[PDB]
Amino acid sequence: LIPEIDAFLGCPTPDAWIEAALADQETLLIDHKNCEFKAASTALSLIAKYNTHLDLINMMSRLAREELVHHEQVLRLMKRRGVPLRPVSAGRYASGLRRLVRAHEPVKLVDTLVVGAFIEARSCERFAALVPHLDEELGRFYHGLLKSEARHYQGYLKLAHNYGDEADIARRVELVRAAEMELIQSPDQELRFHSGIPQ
């Protein structure tokens, strides 16, 4: 039935992360831009690996296009606000979750899709947490992205059920949820969209 976002997630975005993000919105926007790109890149990696899974490929191709639209939309917002194209390395979050995916098919694919649902669900929750503190234009933008993330979280989890058993997805969601909460609540060195709490 797909749980609601806060139910699905193991913890709220911490206040300390919101404070850090509001104080460095330039790094936030750039890593946000990179996350949209990486979502599209990840979608295409799934097409490449599961290259005769027609349901997956059709969903992923369309998902990749929507994320590239978001990618371009952040670049245009950066241009409007004079944010420079500054290199920002990937954070620990997605690769930390990917470590949990099992090595053998078909549960390898199932685990990968569950991780995708968590990343989208956290993005939705975190956009929601930021909106009331942002200027009008950026809050409206992030509130607009909030609805697409909810759809993407639902899609990943639904695609997981198209390829895995209910009981096997249940255990996997429980395992990722615990690790995801740890990544969000533990201290992190720097500000990323999906980073932990700063020191």
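Residues carry their position along the shown sequence, with the first being 1.
- Stretch comparison (165-173 versus 50-58) by mean CA B-factor in the PDB entry places 165-173 on top.
- In this entry, 149-157 shows the higher mean Cα temperature factor of the pair 39-47 and 149-157.
- Highest C-alpha temperature factor among 74, 83, 124, 114, as the PDB entry reports it: 83.
- Among all modelled residues in this chain, the alpha-carbon of residue 13 has a temperature factor (C-alpha) in the lowest third.
- Per the deposited record, the Cα B-factor of residue 103 falls in the highest third when ranked against the other modelled residues of its chain.
- Per the deposited record, the Cα B-factor of residue 140 falls in the highest third when ranked against the other modelled residues of its chain.
- Among the modelled residues of the chain, residue 63 sits in the lowest third by CA temperature factor in this PDB entry.
- Remark: residue 78 belongs to the highest third of its chain, ranked by C-alpha B-factor as recorded.
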